[PDB]
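Let me begin by presenting the structure, written as structure tokens, before commenting on it.
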Amino acid sequence: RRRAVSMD
Amino acid sequence: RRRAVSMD
Amino acid sequence: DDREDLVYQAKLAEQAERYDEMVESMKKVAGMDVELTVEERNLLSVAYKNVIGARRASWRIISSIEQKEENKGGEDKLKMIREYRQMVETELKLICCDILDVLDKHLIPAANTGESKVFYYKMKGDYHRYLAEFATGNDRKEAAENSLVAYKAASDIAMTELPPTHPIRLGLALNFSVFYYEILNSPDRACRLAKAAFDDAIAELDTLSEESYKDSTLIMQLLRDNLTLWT
Amino acid sequence: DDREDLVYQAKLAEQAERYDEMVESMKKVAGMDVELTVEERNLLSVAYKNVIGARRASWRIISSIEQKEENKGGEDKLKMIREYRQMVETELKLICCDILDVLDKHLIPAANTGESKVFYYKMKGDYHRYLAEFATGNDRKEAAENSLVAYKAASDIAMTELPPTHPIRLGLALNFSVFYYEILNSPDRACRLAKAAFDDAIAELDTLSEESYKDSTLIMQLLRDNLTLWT
Ligand SMILES: *C(=O)c1ccc(-c2c3ccc(=[N+](C)C)cc-3oc3cc(N(C)C)ccc23)c(C(=O)[O-])c1
Ligand SMILES: *C(=O)c1ccc(-c2c3ccc(=[N+](C)C)cc-3oc3cc(N(C)C)ccc23)c(C(=O)[O-])c1
Numbered sequence: 248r249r250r251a252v253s254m255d
Numbered sequence: 248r249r250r251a252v253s254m255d
Numbered sequence: 002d003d004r005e006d007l008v009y010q011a012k013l014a015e016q017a018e019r020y021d022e023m024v025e026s027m028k029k030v031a032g033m034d035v036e037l038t039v040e041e042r043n044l045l046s047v048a049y050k051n052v053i054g055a056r057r058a059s060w061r062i063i064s065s066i067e068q069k070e071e072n073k074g075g076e077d078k079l080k081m082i083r084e085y086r087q088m089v090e091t092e093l094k095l096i097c098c099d100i101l102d103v104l105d106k107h108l109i110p111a112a113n114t115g116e117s118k119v120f121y122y123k124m125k126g127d128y129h130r131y132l133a134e135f136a137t138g139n140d141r142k143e144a145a146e147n148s149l150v151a152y153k154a155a156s157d158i159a160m161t162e163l164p165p166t167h168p169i170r171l172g173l174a175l176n177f178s179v180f181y182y183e184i185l186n187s188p189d190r191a192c193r194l195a196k197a198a199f200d201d202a203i204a205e206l207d208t209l210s211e212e213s214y215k216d217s218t219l220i221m222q223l224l225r226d227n228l229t230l231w232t
Numbered sequence: 002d003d004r005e006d007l008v009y010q011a012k013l014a015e016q017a018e019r020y021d022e023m024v025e026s027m028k029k030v031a032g033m034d035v036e037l038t039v040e041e042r043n044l045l046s047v048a049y050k051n052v053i054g055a056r057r058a059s060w061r062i063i064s065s066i067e068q069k070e071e072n073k074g075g076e077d078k079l080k081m082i083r084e085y086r087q088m089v090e091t092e093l094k095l096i097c098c099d100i101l102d103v104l105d106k107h108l109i110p111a112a113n114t115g116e117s118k119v120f121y122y123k124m125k126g127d128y129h130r131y132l133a134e135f136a137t138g139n140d141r142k143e144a145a146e147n148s149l150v151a152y153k154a155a156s157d158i159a160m161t162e163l164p165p166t167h168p169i170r171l172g173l174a175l176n177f178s179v180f181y182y183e184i185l186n187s188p189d190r191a192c193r194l195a196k197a198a199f200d201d202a203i204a205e206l207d208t209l210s211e212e213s214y215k216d217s218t219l220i221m222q223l224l225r226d227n228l229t230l231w232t
């Protein structure tokens, strides 16, 4: 499960 | 422009 | 077995939001020439609704852009907008023809319950109505007549086989009323059909099923919402 | 002209949410071997982000279903889940290879501003990172190294050519930090990079542009959100 945010 | 709702 | 496998694949595709694959899985179930389960009819219906619904949304967006450019007179842009709209209209025709062929060749002939026959004639009404929505002239009149004939067949079976609270019967009354409003340009007939279906359900709310009471209630609010929109 | 036409078609496809067509339009602009405008780079980036993002979302859904079935031991289901996951992994590889080929053959060689070079090396880092995300063994190590080398090239140009508030520079620092966290499993290096980019922007907030101040501010919140997630 993701625990990061990238450019979007 | 729509002025109705159908089954969804 | 193969049938349970195809249903599982349809459910995976649905979760993944890959609706083309969902269609392809449920088309294979429909091609087995057997009575579909409630769950299978619902998976088939959701698959096609998503695939057609993406093109119906694109068509309305493109059409809205076309009106705006017609009001500015940008002719370079209008040739591109019109050609793009026509490409989406081609895909709407192909998707509608695909489910309509499946209904005519497999589902309607293998249907052997009142529920399944109403469901399939209603779906045939829906897909001819989608053919009519963006059509003009002869093509619009032909789609409108095929749609009307399928909705009448569904309504005849629904009136004799299903209680007025049945969600397939209510969902038929909703979509048929929309047909009268949008395709035949008849707010009076749209309002009569929607009000009659609503009132008949109110009169026999003791026929509400434990299984579908919340589906029936939602559809009864949608009938009321159309009446709100149309009066 | 042809270039303005392709840009208009990209914008129509974007409105219609038909991202494959948006990709195809902007690939043709990229194939002209010219410096893209800000608007063109943004349309190209949005097109590929949407096309890859649909498969990344499907992959995470399918993978989540696979874990659940591994915990129930349903082996019939796992063969189907694994084969479906692998089909999505094939499409992720093809999409990443498509933009990566366009970057290597057209965009990077025609790039002649600091902004455009950082943008394109960053995008190359992003698409090798997407190849690495779902990869194992050798394939993961190879994607991770290509990603790392492109992010370093972008960072070298960004550090000399762009102010620390530039949204391309901040967006590079965000994605590179994510690379260190998710691909190289290094929360310490991820946190250092994200904190350093954030602090360098705070130190020179007088370099904020009227054109991009809200983009810069959003990216600075995303750097802070990762630090929140990672500490
Ligand atoms: C959430 O983002 C998350 C991260 C990692 C893992 C996870 C795996 C996911 C998919 C896999 N395959 C498609 C084969 C393998 C995974 O292996 C893992 C191994 C570990 N170890 C050994 C500590 C930890 C996590 C993963 C998941 C998950 O769904 O398992 C989720
Ligand atoms: C909203 O749902 C709405 C309904 C109808 C119309 C509208 C037309 C839409 C698209 C058309 N083509 C793709 C060629 C033609 C339309 O013709 C119309 C004609 C009338 N008349 C003559 C009274 C009214 C409405 C339409 C639109 C719209 O976008 O124009 C919107």
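Note that the protein sequences, when read in sequence, are chains B, B', A and A'. A prime marks a further copy of an entry chain. Under the deposited numbering, the first sequence has 254 at position 7, and the numbering climbs by one with no breaks. Under the deposited numbering, the second sequence has 251 at position 4, and the numbering climbs by one with no breaks. Under the deposited numbering, the third sequence has 199 at position 198, and the numbering climbs by one with no breaks. Under the deposited numbering, the fourth sequence has 84 at position 83, and the numbering climbs by one with no breaks. For each residue, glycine too, the CB sits at the ideal point set by N, CA and C.
Asked	Found
When the distance is taken between beta carbons, is A'/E15 closer than 9 Å to A'/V52?	no
A'/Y121 lies in the alpha helix (DSSP H); which residues open and close that run?	115-134
Which residues in chain A have a C-beta closer than 7 Å to the C-beta of A'/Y85? List them in chain order.	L13
At which residues does the alpha helix (DSSP H) containing A'/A154 begin and terminate?	138-162
Is the Cβ-Cβ distance between A/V119 and A/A155 less than 9 Å?	yes
Say whether chain B' places a C-beta atom closer than 9 Å to the C-beta of A/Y182.	yes
For ligand 2, any of its heavy atoms closer than 8 Å to the Cβ of A/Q68?	yes
Can you tell me whether DSSP reads A'/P165 as helix, strand or coil?	coil
Would you check whether ligand 2 has a heavy atom nearer than 8 Å to the C-beta of A/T91?	no
Could you list which residues in chain A' have their beta carbon closer than 9 Å to that of A/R4, in chain order?	Per Cβ cutoff of 9 Å: no residues; A/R4 is ~13 Å from chain A' at best.
With a Cβ-Cβ cutoff of 9 Å, do A/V30 and A/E41 count as a contact?	yes
Can you tell me where the alpha helix (DSSP H) with A/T232 in it begins and where it stops?	That residue, A/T232, is in no alpha helix (DSSP H); it is neither H nor E in DSSP.
Who are the Cβ neighbours of A/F199 in its own chain at under 7 Å, not counting the five residues just before and after it?	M221, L224, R225
Between A/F135 and ligand 2, is there a pair consisting of the residue's CB and a ligand heavy atom that are separated by less than 8 Å?	yes
Could you spell out the range, first to last residue, of the alpha helix (DSSP H) harbouring A'/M23?	20-31
Which of the residues in the region 217-228 of chain A, read from start to end, lie with their CB under 8 Å from any CB of chain B'?	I220, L223, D226, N227
Three-state secondary structure (DSSP) at A/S59?	helix
What residue from A/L173, A/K69, A/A55, A/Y181 has the CA that sits closest to A/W231's CA?	A/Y181
Output the distance between the C-alpha atoms of B/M254 and A/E146, rounded to the nearest integer angstrom.	51 Å
Measuring CB atoms only, is the region 73-92 of chain A touching the region 54-63 of chain A, in the sense that at least three cross pairs come out at less than 8 Å?	yes
When the distance is taken between beta carbons, is A/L173 closer than 9 Å to A/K196?	no
Return the residues of the region 43-57 of chain A that lie within a Cβ-Cβ distance of less than 8 Å from chain B', sorted by chain order.	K50, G54
Considering only residues of the same chain and omitting the five flanking positions on each side of A'/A144, which have a CB-CB separation below 7 Å?	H129, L132, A133, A136
Quick check on A/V89 - is its C-beta less than 9 Å from some C-beta in chain B'?	no
Please state whether DSSP places B'/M254 in a helix, a strand or coil.	coil
Restricting to Cα atoms, I'd like to know which of A/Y85, A/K12, A/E22 is closest to A'/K12.	A/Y85
May I ask whether a heavy atom of ligand 2 can be found less than 8 Å away from the beta carbon of A/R56?	no
Between which two residues does the alpha helix (DSSP H) holding A/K12 run?	3-17
Between A/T218 and A/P165, what straight-line distance do the alpha-carbon atoms span, to the nearest angstrom?	12 Å
Go ahead and pull the three-state DSSP assignment for A'/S213.	coil
Taking 9 Å as the threshold (beta carbon to beta carbon), is A/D201 in contact with chain B'?	no
For A/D207, which of helix, strand or coil comes out of DSSP?	helix
Can you grab the Cα-Cα spacing for the pair A/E70 / A/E183, in whole Å?	24 Å
Excluding five sequence neighbours on each side, which residues of the same chain lie with their C-beta closer than 7 Å to the C-beta of residue 283 of chain A?	Past the edges of chain A, shown from 2 to 232, lies residue 283 of chain A, and the structure says nothing about it.
Following a CB-centred definition, is residue 1 of chain A' positioned closer than 8 Å to any heavy atom of ligand 1?	Any property of residue 1 of chain A' remains undetermined from this structure, which presents chain A' solely from 2 to 232.
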